[PDB]
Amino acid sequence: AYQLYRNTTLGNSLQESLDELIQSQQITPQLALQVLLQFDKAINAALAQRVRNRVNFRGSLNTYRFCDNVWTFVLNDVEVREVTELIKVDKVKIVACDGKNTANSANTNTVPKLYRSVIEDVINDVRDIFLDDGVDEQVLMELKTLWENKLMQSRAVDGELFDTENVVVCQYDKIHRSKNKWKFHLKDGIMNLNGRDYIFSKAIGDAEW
């Protein structure tokens, strides 16, 4: 399970929650590390198995770079379409992990509240490492409540001092280029576009250098 969804509104509110409990001595930094690892699994599996929407996007390719099997792209003048909303953004950064070998598993039911299902899975799946480290249900519920509270705060109108960076964090099936014409097949994506979260199962894109 890839670590790159840790830098998302869901992944950050969890890291901040974990930081507060370390700081208050309620959990060890090493238990925190285990939780993030379980989070990686829940969000990878949740995107692969519960999310179905398609997205199409167009933009101009400004910057491109491949490193350790992760593409990073910057595009200007982007348009992202669904069935059938449209979002424009002057600038977007796409970070994509190699999803060739993943290919996750079976596809379960869609859910009304994807983040809500991920929080439940994680809390259920770290209950036992908590118990084993001497930490009881009340601390586990303190993690759940901090996580959920920080998640709400991300929606606050005056929650940021400045514009938020437009970023897609996802996987790729295939990236190609024929001359100046790039094509993107991306999957299992969380986008933060003008302050707001959007998810995707599959995203297909075009860009010109």
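A residue's number is simply how far along the shown sequence it sits, counting from 1.
| query | Hey, which bit's got the bigger mean C-alpha B factor in the entry, 113 to 121 or 85 to 93? | reply | The stretch with the larger mean CA B-factor is 85 to 93.
| message | Test of understanding: from the entry's C-alpha B-factors, which stretch has the higher mean, 76 to 84 or 132 to 140? | response | Comparing 76 to 84 with 132 to 140, the higher mean C-alpha B-factor belongs to 76 to 84.
| said: Among the choices 34, 145, 180, 44, identify the one whose CA B-factor in the record is greatest. | reply: Highest CA B-factor of the listed options: 180.
| According to the deposited entry, which of 171, 49, 63, 38 has the largest Cα B-factor? | By C-alpha B-factor in the record, 63 ranks first.
| Where does residue 152 sit by CA temperature factor within its chain: lowest, middle or highest third? | Residue 152: CA B-factor falls in the highest third of its chain.
| task | Taking the values exactly as deposited, rank residue 14 by C-alpha B-factor within its chain and report the matching third: lowest, middle or highest. | result | Residue 14: CA B-factor falls in the lowest third of its chain.
| message | Please say which third, lowest, middle or highest, residue 193 falls into when its CA temperature factor is compared across its chain. | response | Ranked within chain, residue 193 CA B lands in the middle tercile.
| Lowest, middle or highest third: where is residue 2 by C-alpha B factor in its chain? | Its C-alpha B-factor belongs to the middle third of this chain's values.
| message | Sorting by Cα B-factor within the chain, modelled residues only, which third would residue 199 end up in: lowest, middle or highest? | response | Middle third, going by the recorded CA B-factors of the chain.
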